[PDB]
Structures are given as C-alpha cells and as structure tokens.
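Enquirer: Would you mind keeping the following structure in view while I ask a few things?
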Amino acid sequence: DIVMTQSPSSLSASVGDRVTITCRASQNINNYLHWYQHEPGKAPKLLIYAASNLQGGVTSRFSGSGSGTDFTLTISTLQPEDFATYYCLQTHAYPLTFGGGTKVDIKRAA
Amino acid sequence: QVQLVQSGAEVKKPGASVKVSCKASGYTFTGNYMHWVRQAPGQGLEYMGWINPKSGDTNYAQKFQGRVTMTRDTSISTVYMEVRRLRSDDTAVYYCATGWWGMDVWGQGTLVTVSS
C-alpha cells in the first residue's frame with residue numbers, strides 16, 4: 001500500500017505566522033494528492049486538489065505545491081479559524097491513504 | 001446534488017457489532033464506489049475501505065480486514081458497514097463518501113461509542 005508520511009504531526013503557531021506542512025509518499029504518486037482540513041465534528045473539508053489546485057470557495061491563504069513524492073501545504077498567514085487538523089490524502093491508488101495529520105494549535109502572541 | 005445521509009448515533013458494549021448505514025441520492029447508485037473513513041478521539045483520520053455497489057466487491061484497509069464487512073441494498077440505494085469485535089479504539093465518528101474515483105462527497109458522520 002502507499003504510505004503517506006506527514007509532518008509535523010502537531011505544531012503551535014500564532015495568528016499571522018506562515019505554516020508549512022509536508023507529506024512524503026512511499027512511491028511516486030504524480031499529482032494525485034489532496035489536502036483536507038478537519039474540525040472534529042464536521043466531515044473533512046477539501047482545500048487543495050491534485051496537489052496545487054485551490055478548491056472553489058476556499059481562501060487563497062492555503063496553497064499546495066509539489067509532485068511525485070514530496071508535497072507541501074502552505075498557510076500564508078495563519079488565522080484563528082485555521083484551528084484544525086490538516087491531512088494529505090493520496091488518490092493515486094486504492095486503498096486510499098491519509099497522512100497522519102498535522103494538529104495545528106493556535107497560541108496567543110498576546 | 002449527490003447527498004449521502006447516514007444513520008444516527010450508536011452506543012455499543014465491547015465485543016458487540018454495529019452496522020452503520022449510508023443512503024445515497026442524486027447519482028446512479030451502482031455507478032460509483034462507496035468509501036468509509038473514521039476518526040477516533042485523539043487519532044488521525046483513517047481510511048477503512050470500499051464497496052462496489054454494482055458487484056458487491058469490497059476491499060478493506062489492512063487494519064480492518066476480517067473485522068469490517070460492507071454490503072449494499074440496491075433497492076434503497078444504501079451501503080452498510082458492519083464493524084465487529086468492538087473495543088474502545090472503535091469509538092469514533094464514521095463517514096461514508098463517494099465519487100467517480102475518490103471521496104468527493106461526504107455523509108454527515110455517525111458517532112459510535114463503545115462503552116463498558
């Protein structure tokens with residue numbers, strides 16, 4: 001099966017920070033990699049499809065990059081409503097596989 | 001306007017089984033695979049497996065093989081996932097999802113709580 005290694009597994013940052021999250025695929029998956037935001041209690045929300053395509057209605061503060069085995073999700077300027085756990089999902093092959101997630105905690109500068 | 005409507009919350013004893021439902025509308029039901037995913041408190045979202053409603057063929061993520069069975073009733077455009085041998089690790093929100101290939105549209109989730 002394809003293993004998606006996601007990092008960091010957890011991080012704390014403050015509003016206005018750039019956040020950088022990676023996923024590495026165990027084999028080449030071309031651009032078949034999506035990024036989700038998850039708030040516990042809601043279905044996962046698709047942010048980025050096919051590595052770099054911003055989903056309709058999603059803030060352009062999120063962007064995806066990479067191909068092959070190395071992918072990055074960048075949040076340009078962190079906002080309080082970004083408090084969530086983010087996941088990559090490969091759709092190159094079944095079984096589909098999520099990365100282990102990044103739990104993003106928001107800390108006061110103040 | 002694909003929509004997936006799941007069954008309500010369940011409370012089960014350890015070693016019991018649960019069968020959660022997912023009723024589909026707005027597309028040709030036998031045309032798309034149905035996937036299941038869950039998220040247990042403190043843990044990462046995890047993919048469980050899929051069923052082809054046309055043939056009833058299934059495959060489960062390795063972690064669930066032998067403990068999870070998916071079925072469908074085409075007369076009511078519903079897919080079921082039965083999880084057996086329940087333990088505290090199985091308390092989670094369970095989601096169904098469908099698409100031409102991936103998980104494009106999600107159900108609302110079903111909470112299962114495994115309680116002594």
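Labeling convention for the structure tokens: chains A, B, ... as they appear, residues from 1 per chain, ligands from 1 in order of appearance.
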When DSSP is applied to the backbone of this structure, which of region 3-114 of chain B are assigned strand (DSSP E)? Write them out as number ranges by chain.
Expert: B: 3-6, 10-12, 18-25, 33-39, 46-51, 58-60, 68-73, 78-83, 92-99, 105-106, 110-114
Enquirer: Which residues of chain A have any atom within 7 Å of an atom in chain B when counting only C-alpha atoms, and what is the closest pair of atoms for each, with the distance in Å to one decimal? Order the rows by chain and rising number and write it as CSV.
Expert:
```
residue,atom,partner,partner_atom,distance
A:43,CA,B:108,CA,6.3
A:91,CA,B:102,CA,6.4
A:95,CA,B:61,CA,6.2
A:96,CA,B:47,CA,6.7
A:97,CA,B:47,CA,6.2
A:98,CA,B:46,CA,6.5
A:100,CA,B:44,CA,5.5
A:101,CA,B:44,CA,5.9
```
Enquirer: Counting only C-alpha atoms, which residue out of A:42, A:107, A:34, A:92 sits closest to residue 54 (chain A)?
Expert: A:34
Enquirer: What is the distance between CA of residue 93 (chain A) and CA of residue 82 (chain B), in Å to one decimal?
Expert: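 Rounded to one decimal, the two atoms are 24.0 Å apart.
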Enquirer: What lies within 10 Å of residue 78 (chain A) using only C-alpha atoms, ignoring chain neighbours under 4 positions off, as a PyMOL selection string?
Expert: chain A and resi 13-19+61-62+74+82-83+104+106
Enquirer: Write the selection just made, keeping N, CA, C and O atoms, as a compact mmCIF listing (two decimals), in the first residue's frame?
Expert:
```txt
# COMPACT_ATOMS: atom_id res chain seq x y z
N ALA A 13 1.34 27.65 16.64
CA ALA A 13 1.78 28.89 15.95
C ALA A 13 0.80 29.97 16.37
O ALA A 13 -0.18 29.69 17.08
N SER A 14 1.07 31.17 15.90
CA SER A 14 0.25 32.32 16.27
C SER A 14 -0.30 32.96 15.02
O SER A 14 0.20 32.79 13.90
N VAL A 15 -1.36 33.72 15.21
CA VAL A 15 -2.02 34.38 14.10
C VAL A 15 -1.01 35.28 13.43
O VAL A 15 -0.24 36.00 14.11
N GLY A 16 -0.95 35.12 12.11
CA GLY A 16 -0.09 35.89 11.21
C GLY A 16 1.16 35.14 10.77
O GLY A 16 1.82 35.56 9.85
N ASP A 17 1.42 33.99 11.40
CA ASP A 17 2.53 33.13 11.02
C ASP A 17 2.25 32.37 9.71
O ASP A 17 1.08 32.01 9.38
N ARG A 18 3.34 32.09 8.99
CA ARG A 18 3.27 31.15 7.89
C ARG A 18 3.34 29.73 8.48
O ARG A 18 4.12 29.48 9.38
N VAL A 19 2.51 28.83 7.97
CA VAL A 19 2.61 27.42 8.41
C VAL A 19 2.95 26.59 7.19
O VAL A 19 2.32 26.73 6.16
N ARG A 61 -5.33 31.85 1.15
CA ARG A 61 -4.22 31.73 2.11
C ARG A 61 -3.66 30.29 2.10
O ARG A 61 -2.54 30.08 2.54
N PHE A 62 -4.46 29.32 1.64
CA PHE A 62 -3.97 27.95 1.51
C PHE A 62 -3.40 27.76 0.11
O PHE A 62 -4.02 28.17 -0.87
N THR A 74 0.93 25.05 2.32
CA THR A 74 1.36 26.28 3.00
C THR A 74 0.15 27.11 3.40
O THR A 74 -0.75 27.32 2.59
N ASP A 82 -8.32 28.75 11.44
CA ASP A 82 -7.49 27.67 10.87
C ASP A 82 -7.23 26.58 11.91
O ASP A 82 -6.62 25.57 11.57
N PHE A 83 -7.63 26.80 13.17
CA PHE A 83 -7.51 25.79 14.25
C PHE A 83 -8.19 24.51 13.81
O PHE A 83 -9.42 24.46 13.69
N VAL A 104 -2.92 21.62 14.25
CA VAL A 104 -2.43 23.00 14.34
C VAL A 104 -3.11 23.68 15.51
O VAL A 104 -4.33 23.86 15.49
N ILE A 106 -3.40 27.04 18.03
CA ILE A 106 -3.17 28.48 17.90
C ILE A 106 -2.88 29.08 19.28
O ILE A 106 -3.69 28.96 20.22
```
Enquirer: Using only C-alpha atoms, can you tell me which of A:12, A:102, A:28, A:53 comes closest to residue 85 (chain A)?
Expert: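 When distances to residue 85 (chain A) are compared using only C-alpha atoms, the smallest one comes from A:102.
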Enquirer: For a test of reading the model, state the distance in Å between CA of residue 37 (chain A) and CA of residue 77 (chain B), rounded to one decimal.
Expert: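 CA of residue 77 (chain B) lies 28.6 Å from CA of residue 37 (chain A).
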Enquirer: Give the answer as one residue: which of B:113, B:1, B:32, B:21 has the shortest atom-to-atom distance to residue 70 (chain B), using only C-alpha atoms?
Expert: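 Closest to residue 70 (chain B), using only C-alpha atoms: B:21.
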Enquirer: Could you give me the residues within chain B that DSSP places in helix (DSSP H, G or I), as JSON, numbers by chain?
Expert: {"B": [29, 30, 31, 62, 63, 64, 74, 75, 76, 88, 89, 90]}
Enquirer: Write a file of the just-selected residues containing N, CA and C atoms, as a short mmCIF file (atom, residue, chain, number, x, y, z; two decimals), in the first residue's frame.
Expert:
```
data_model
loop_
_atom_site.label_atom_id
_atom_site.label_comp_id
_atom_site.auth_asym_id
_atom_site.auth_seq_id
_atom_site.Cartn_x
_atom_site.Cartn_y
_atom_site.Cartn_z
N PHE B 29 -26.56 4.92 -8.48
CA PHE B 29 -26.01 4.37 -7.24
C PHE B 29 -24.93 3.31 -7.50
N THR B 30 -25.19 2.43 -8.47
CA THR B 30 -24.26 1.34 -8.78
C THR B 30 -23.05 1.82 -9.58
N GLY B 31 -23.05 3.10 -9.94
CA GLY B 31 -22.02 3.70 -10.77
C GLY B 31 -20.74 4.10 -10.05
N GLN B 62 -5.83 -2.73 5.40
CA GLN B 62 -5.30 -3.90 6.10
C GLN B 62 -5.73 -3.99 7.56
N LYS B 63 -5.71 -2.85 8.25
CA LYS B 63 -6.09 -2.74 9.66
C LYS B 63 -7.47 -3.32 10.00
N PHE B 64 -8.37 -3.35 9.02
CA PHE B 64 -9.78 -3.72 9.26
C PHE B 64 -10.18 -5.04 8.64
N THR B 74 -29.40 -2.35 -3.06
CA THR B 74 -29.66 -1.51 -4.19
C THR B 74 -31.11 -0.95 -4.27
N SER B 75 -32.05 -1.68 -3.71
CA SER B 75 -33.46 -1.27 -3.77
C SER B 75 -33.69 0.08 -3.04
N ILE B 76 -32.76 0.42 -2.14
CA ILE B 76 -32.87 1.65 -1.34
C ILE B 76 -31.60 2.50 -1.40
N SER B 88 -12.71 -0.15 22.77
CA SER B 88 -12.66 1.31 22.96
C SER B 88 -12.02 2.07 21.80
N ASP B 89 -11.05 1.44 21.11
CA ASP B 89 -10.37 2.02 19.96
C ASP B 89 -11.33 2.32 18.81
N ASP B 90 -12.52 1.72 18.83
CA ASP B 90 -13.51 1.90 17.77
C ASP B 90 -14.52 3.02 18.04
#
```
Enquirer: One number please: CA of residue 22 (chain A) to CA of residue 51 (chain A), in Å, one decimal.
Expert: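 Straight-line distance from CA of residue 22 (chain A) to CA of residue 51 (chain A) works out to 11.6 Å.
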Enquirer: Between A:20, A:84, A:25, A:109, which is the closest to residue 64 (chain A) once you count only C-alpha atoms?
Expert: A:20
